[PDB]
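# Inside the fold
Here is how the chains run, residue by residue.
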Amino acid sequence: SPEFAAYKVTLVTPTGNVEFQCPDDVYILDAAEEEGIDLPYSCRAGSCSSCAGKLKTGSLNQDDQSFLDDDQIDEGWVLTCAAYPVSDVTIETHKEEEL
Ligand code: FES
């Protein structure tokens, strides 16, 4: 394993696909915001539905999330404020209305 790593995040947002590198120790939301992408949120603490997305491709660490149940994680749900990439990932954002 590397001392330092980042992963390519592809977000499929309502206004288009956007891509950026996300450090492996920065949450998806935080890294998107630093690149000027506006994503939904409210609690920023892993305990609500606001920042929900769907993982389409790759792997995440969501140890820091709590609101999604184990079946929802198995089904690909993501709380973007509380998720770290562990590989390159593609995530569809703005999926709250779907819960
Ligand atoms: S903004 Fe509440 S869980 Fe992410």
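Residues numbered from 1 in each chain as written, not as in the entry; some residues may be left out. Heavy atoms only, no water.

## As for the pairing of strand β7 (residues 89-92)
The pairing of strand β1 (residues 6-13) with β7 spans four bridges and is parallel. Bridging from a neighbouring strand, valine 12 pairs with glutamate 92 of β7. The pairing of strand β3 (residues 52-57) with β7 spans three bridges and is antiparallel. Paired with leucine 55 across the two strands is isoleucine 91, which belongs to β7. (Pairing = 2+ DSSP bridges. Helix = DSSP H or I, 4+ residues; strand = E, 2+ residues; numbered from the N terminus.)

## Regarding the UniProt feature "binding site: [2Fe-2S] cluster" in the protein
Here the UniProt-annotated "binding site: [2Fe-2S] cluster" positions come out as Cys43, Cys48, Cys51 and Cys81. What stands out for the annotated residues spanning 39 residues is how close their C-alpha atoms remain, the widest pair being 9.9 Å apart. Mapped onto the secondary structure, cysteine 43 falls in the loop between α1 (28-34) and β3. Take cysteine 48: it is sitting in the loop between α1 and β3. With near-sequence residues (within four places) excluded, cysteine 48 lies in contact with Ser42, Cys43, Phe67 and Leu79. (UniProt positions renumbered as here; feature names shortened; annotations may be inferred. Contact = heavy atoms within 4.5 Å.)

## Concerning the pattern of salt bridges
A complete count under the given rule lists four salt bridges for this structure. Between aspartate 30 and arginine 44 there is a salt bridge whose closest N-O contact spans 3.6 Å. Of the two residues, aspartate 30 is situated in helix α1 and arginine 44 in the loop between α1 and β3; the sequence distance between them amounts to 14 residues. For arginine 44, a relative accessible area of 34% corresponds to the partly exposed category. Of the charged contacts, one joins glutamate 92 and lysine 95 as a salt bridge, the two residues approaching to 3.7 Å between their closest N and O atoms. (Salt bridge = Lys/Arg side-chain N within 4 Å of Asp/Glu carboxyl O. Buried < 20%, exposed > 50% of the residue type's maximum accessible area, 1.4 Å probe, protein only.)

## Section: the packing of aromatic side chains
Evaluation of the coordinates by the stated rule reveals one aromatic pair. Centre to centre, the rings of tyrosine 27 and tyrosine 84 are 4.4 Å apart; their planes meet at 25°, and the pair counts as stacked. Here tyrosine 27 is found in the loop between β2 (16-23) and α1, whereas its partner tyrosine 84 is found in strand β6 (residues 84-85), with 57 residues between them in sequence. For the pair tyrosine 27 and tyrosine 84, a shared accessibility class is recorded, and that class is buried. Above the plane of the ring of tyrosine 41 lies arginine 44, whose end atom (NZ or CZ) is 4.4 Å from the centre. Above the ring of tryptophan 77, the side-chain terminus of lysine 54 is found at 4.7 Å from the ring centroid. (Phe/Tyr/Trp six-rings, centres within 6.5 Å; stacked < 30°, edge-to-face > 60°. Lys NZ or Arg CZ within 6 Å of the ring centre and 35° of its normal.)

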